[PDB]
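Chains as they are written, first to last, in the numbering used here: chain F, 1 to 269; chain E, 1001 to 1068; chain A, 2001 to 2136; chain X, 3001 to 3271; chain G, 4001 to 4306.
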Amino acid sequence: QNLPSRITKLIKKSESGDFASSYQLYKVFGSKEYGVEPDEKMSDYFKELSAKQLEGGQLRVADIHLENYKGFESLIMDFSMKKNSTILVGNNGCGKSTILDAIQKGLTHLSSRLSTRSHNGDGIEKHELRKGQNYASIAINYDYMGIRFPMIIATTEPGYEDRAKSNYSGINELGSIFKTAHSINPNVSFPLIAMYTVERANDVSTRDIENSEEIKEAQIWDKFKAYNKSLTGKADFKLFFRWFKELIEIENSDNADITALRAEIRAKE
Amino acid sequence: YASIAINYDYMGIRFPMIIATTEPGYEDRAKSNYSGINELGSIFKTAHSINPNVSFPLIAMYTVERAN
Amino acid sequence: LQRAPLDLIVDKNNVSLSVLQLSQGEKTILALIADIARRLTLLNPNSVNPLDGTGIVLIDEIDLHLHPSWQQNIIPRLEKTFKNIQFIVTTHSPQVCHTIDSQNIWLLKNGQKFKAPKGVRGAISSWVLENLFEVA
Amino acid sequence: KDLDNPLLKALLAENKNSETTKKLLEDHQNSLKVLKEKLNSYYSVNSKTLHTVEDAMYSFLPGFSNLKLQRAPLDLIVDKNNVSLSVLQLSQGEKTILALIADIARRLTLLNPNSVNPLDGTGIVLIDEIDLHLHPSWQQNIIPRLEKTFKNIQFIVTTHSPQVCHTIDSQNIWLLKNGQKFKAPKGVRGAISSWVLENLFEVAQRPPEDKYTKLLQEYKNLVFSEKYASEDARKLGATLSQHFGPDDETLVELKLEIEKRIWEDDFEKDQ
Amino acid sequence: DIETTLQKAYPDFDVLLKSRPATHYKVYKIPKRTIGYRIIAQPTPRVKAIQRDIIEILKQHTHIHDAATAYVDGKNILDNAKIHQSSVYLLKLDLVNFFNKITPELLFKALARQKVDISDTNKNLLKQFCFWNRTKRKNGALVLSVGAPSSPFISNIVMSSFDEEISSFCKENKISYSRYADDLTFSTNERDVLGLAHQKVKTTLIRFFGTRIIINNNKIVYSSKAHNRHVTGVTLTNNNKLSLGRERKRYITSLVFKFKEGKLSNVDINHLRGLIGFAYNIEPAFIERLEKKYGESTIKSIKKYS
RNA sequence: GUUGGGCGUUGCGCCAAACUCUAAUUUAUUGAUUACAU
Ligand SMILES: Nc1ncnc2c1ncn2[C@@H]1O[C@H](COP(=O)(O)OP(=O)(O)O)[C@@H](O)[C@H]1O
């Protein structure tokens, strides 16, 4: 039937083992747009294989490009992948906080499109523009199992025609991959995105613990819920207190029905 | 998935609405569409401009909490 | 847990104390570790080890509320307990720097990136201070 | 009120192609800028006895000058290296020091109504975790300048870094042990930070867990163990010289010792 | 000279003039090797003939500046790396908005700077028969499409003064210039001069051609002899040689060796045919090395396989 | 960390060599090029 050469290459890549090679294989065989006739069973197989091959991979930030941000004119950095710790050292007034603030406003976008359907997030405000310039741009490349996702977030002052339009091609890809993996299997591990700002100095207080048993019940227990108020700093302790109460209550409520069951077995004997 | 697909009418052309909410993951099986109701609201908004004292319909609901 | 004023109790040196009255240098770390552990458990369903997840954790100004005796054991302990999480961090204490390879520390001055000198791993603290902070 | 009228917004939305009206809009924006500039120029001219208070905060943060606010939407403006910018976007440590010094100076000038030198008053100031957001360059300077700008003020503070706690004489720094108070040993006023860490904070200058530290310890054990060239001194020397570099005052000494040991086995051949 | 000869062949130009021929475009999507879907809009089988004819007519009075190996006759991808072989450093640009933002407003003035005169009716013909309307509605926005047979030459004409000025600047700083559509690669022998080249290309891309296209501030990549260096698929060795790369070099030789043992299916015989044919346009030598190692009898069985 | 050579228990294992401006190639039913069937 003369399967296209690109399709054969993708099949060979999937046989070698990749997660995107089978993603773009269950979306090539599930629609007529990509140029091949839609086969449902052999697309479902590729979707299952793509979801199965996602396990064991680590999601890391590879490089970053600041242009006319808070204090940096043009910055290019590459974070190590074989090492799991990067340290920024400098004077108070050089801009180490600026790079972290630039990693967020993109991590917020990634979390928003990985958890919610909002397709919104943070952006470059007018006060963060470099004094004198008009345009700013932040670019971040996300890595997963050696396969990279592009990103760029930019702004322009509303007096000149915009010379840098926003683009989120790869993060939509990553969110769709993870959501499909969740769809086929409810217990697929997802990456963690969070920052802890200096405001965690006053994290624990009696006020927070006083009313921790007066919050909504459905705000703590589901996979897609460990993302709200997670990149705002201020490591949450009220929700942790509620969670600890529920786990200790599961231990103190079960293990007694177990004791009751053992007593019932003894009585029946 | 979950969808509410109530359809309204104003003595004439049907003005539909679908209110849907799906868990992340299975996302393509139900989506919302507010096309007709937005159009109808635009109709009343235009009506308030051409005639300042134009008639509007009454919408209200009463639970058990009316007298409790 | 103690249910009278709905408060937690933790024991140190055979002394029972409430978390709300602990030292300021021990509740920030407590809440940080608790939040990371809870989020990893929530994001990772039933598994042999639920703390082996991936993602980006950005600990900003790690030197807060830390005696310079835990700074030599904070990064390696986070990496030992959580061995699959990236830990891009920023610091100003020169007793955190001398536990990581020189190729990872990224010096910043005058809006430019400078690589660390050779041999920033375990060494004399005066040498790392002099050659990374320009302080005598 | 005039430029935000709903009728104006409706007119602007109705006719997108309004270049003739766009010219008037830009003229209005130019008038906006001119009026705001004039209103702000009616400010940055003169000052009062506030100048003495202002001089207190320019010393702790070098490179800072021309602190005013803006009569346009409210903000406070500094000048850093000929770059005028708002206070809200300063660094965390810079804002901490600025707020601290400004608050203390305000207190001191309000308590002292009429003095030639209002800024050196008598009182008590307590600071907790003075090294929270400060670079080590400022840590060894924070206190000697603090005692100079404010003279007759007690400054009982708590620290968590050796750099800040080696500019004060050894008899005025207090150490809280497990349950008792102890005094620092002599030699802290101008000592090396490594000595302060080793004999005041009880921490080793070399992390006693890393692989390279253990390798160096084994190398120093082997050099003095009568086998200075038994292939393992060779392996570990080839590792550590490449890692640290041939020029460091930890391996240069020990290589000199190895050279002396090499020389020691020359005249003993005839024995 | 377009409207005069338009009706000479297939005299149906009276129709299809008002029936929005720019709309006559099929949109499909090809999968990339990695993340991404590439929209391609190609004309109906009839419009491509007219577009090829008008390309041939346009080629009569035009000039294309050198150092732009973008779809010019008799210039493969090898000469792109031939210029760059003698350099030590490289700065690979990648332009954004791949051919999908080159509006017809930016071609007529480009031709005016080119000093060629075009009729108003001929201008309408160019605007109508050599562009694509995405909105598919009347009085829409016209953008060039990746896939039309008329895309390469117009994409070259719209960037001609930029290429000349960047080449003039690169000559004075000992910098080699080349460009394949949008794969601008800058190479030099001097150290720490590529920043000036990047600033110059950024400030000249926003002055003549306007703020229309910008530099993708994500794929700006640096390289030297320390790491891998490539110019459009061709690998430049540290010994100043042009080769494919060790992985492909061993893949092809493994396949041609397996040919001798006769353990390969007929599907991959065409794969080896294509790979051996392609290992003549980049490395003219590799096949000679295979002949030196395996023999002429081995090579002269795939190139003429039955 | 990257590049070119060699052997064959060859959709790549091993051996033998080298290089470090702070810094690695992905698009077809399109157009240019190599090659077979014409
Ligand atoms: N609009 C601006 N104009 C000039 N400089 C700015 C502007 N916005 C931010 N900055 C710079 O950003 C710096 C803030 O440093 P920061 O990002 O907090 O890092 P750190 O906390 O490690 O000192 C300041 O030095 C300031 O000069």
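Positions of the beta carbon are idealized from the N, C-alpha and C atoms, including for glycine.
Taking Cβ-Cβ distances shorter than 7 Å, what residues in chain G pair up with residue i?
i      : result
F/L10  : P4031
F/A164 : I4214
Determine whether the Cβ of residue i lies closer than 8 Å to any Cβ atom of chain G.
i      : result
F/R130 : no
F/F149 : yes
At the 8 Å Cβ level, is residue i part of the contact set with chain F, yes or no?
i       : result
G/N4228 : no
A/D2035 : yes
A/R2039 : yes
E/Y1026 : yes
X/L3098 : no
G/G4036 : yes
X/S3137 : yes
X/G3093 : yes
X/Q3242 : no
State yes or no: is the C-beta of residue i within less than 8 Å of the C-beta of residue j?
i                       : j       : result
E/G1025                 : F/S85   : no
G/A4110                 : G/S4167 : no
residue 3976 of chain G : G/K4029 : With chain G covering 4001 to 4306 only, the question about residue 3976 of chain G has no answer from this structure.
G/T4188                 : G/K4174 : yes
F/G90                   : X/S3091 : no
F/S176                  : F/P150  : no
A/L2064                 : F/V198  : yes
A/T2090                 : F/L88   : yes
F/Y69                   : F/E125  : no
Determine, using beta carbons only, whether residue i comes closer than 8 Å to chain A.
i                      : result
F/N91                  : yes
X/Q3180                : no
F/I103                 : yes
F/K179                 : no
residue 270 of chain F : Because chain F spans 1 through 269 in this model, residue 270 of chain F falls outside it and cannot be assessed.
F/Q219                 : no
X/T3213                : yes
Rounding to the nearest angstrom, what Cα-Cα distance links residue i and residue j in this structure?
i       : j       : result
F/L231  : G/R4248 : 44 Å
X/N3017 : X/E3026 : 15 Å
F/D63   : F/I138  : 11 Å
F/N167  : F/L66   : 15 Å
G/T4044 : G/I4050 : 11 Å
X/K3009 : F/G123  : 26 Å
A/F2114 : A/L2108 : 6 Å
Chain X partners of residue i, CB-CB under 9 Å?
i       : result
A/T2099 : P3207, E3209, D3210
Determine the chain A residues that contact residue i at a beta-carbon separation under 8 Å, and present them in chain order.
i      : result
F/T116 : Those within 8 Å of F/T116 in chain A number zero; the least Cβ separation is about 15 Å.
Going along chain G in order, which residues have a C-beta closer than 8 Å to the C-beta of residue i?
i    : result
F/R6 : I4030, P4031
Which chain A residues are close to residue i, counting only those with a beta carbon under 7 Å from its beta carbon?
i       : result
X/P3118 : Here the premise fails: no neighbours, minimum Cβ distance about 34 Å.
Heavy atom of ligand 3 less than 7 Å from the Cβ of residue i, yes or no?
i       : result
X/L3067 : Ligands present in the displayed structure are limited to ligand 1, and ligand 3 is not among them.
Just the chain E side, please: which residues come within less than 9 Å of residue i by C-beta, in chain order?
i     : result
F/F19 : Within 9 Å Cβ-Cβ: nothing; F/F19 doesn't reach chain E, min ~17 Å.
Report the neighbours of residue i on chain F: residues whose CB is nearer than 7 Å to its CB, in chain order.
i       : result
A/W2127 : Going along chain F, no residue has its Cβ under 7 Å from A/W2127, so there is no contact; the nearest lies around 14 Å.
What residues of chain A sit near residue i, judged by a beta carbon separation below 9 Å?
i     : result
F/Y69 : The premise fails here: F/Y69 is roughly 10 Å from chain A at the closest Cβ pair, so nothing lies under 9 Å.
Taking only beta-carbon positions, decide if residue i is within less than 8 Å of chain X.
i     : result
F/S74 : no
Residues of chain F with CB under 9 Å from residue i, in chain order?
i       : result
A/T2090 : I87, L88, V89, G90, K96, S97, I99, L100
A/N2084 : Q58, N84
Going along chain F in order, which residues have a C-beta closer than 8 Å to the C-beta of residue i?
i       : result
X/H3133 : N92, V198
Subject >> Three CB pairs or more closer than 8 Å across the segment 20-30 of chain F and the segment 150-163 of chain F >> reply: no
Original post:
Between the segment 4001-4013 of chain G and the segment 3227-3246 of chain X, are three or more C-beta pairs nearer than 8 Å?
Top reply: no
Original post:
Is the number of C-beta pairs between the segment 4221-4232 of chain G and the segment 4119-4127 of chain G that are closer than 8 Å three or more?
Top reply: Here the segment 4221-4232 of chain G does not lie against the segment 4119-4127 of chain G, with fewer than 3 beta-carbon pairs under 8 Å apart.
Original post:
Do the segment 4192-4201 of chain G and the segment 4095-4107 of chain G meet, that is, are 3 or more Cβ pairs less than 8 Å apart?
Top reply: no
Original post:
Touching or not, the segment 2066-2078 of chain A and the segment 2092-2106 of chain A, by the rule of three or more beta carbon pairs under 8 Å?
Top reply: Look at the beta carbons and you see the segment 2066-2078 of chain A touching the segment 2092-2106 of chain A: at least three pairs across the two are nearer than 8 Å.
Original post:
Is it true that the segment 4175-4187 of chain G meets the segment 4079-4089 of chain G, where meeting means three or more beta-carbon pairs spaced less than 8 Å apart?
Top reply: yes
Original post:
For the 8 Å Cβ check, are there 3 or more pairs between the segment 224-240 of chain F and the segment 111-124 of chain F?
Top reply: yes
Original post:
Touch check for the segment 257-268 of chain F and the segment 236-247 of chain F: three-plus C-beta pairs under 8 Å?
Top reply: no
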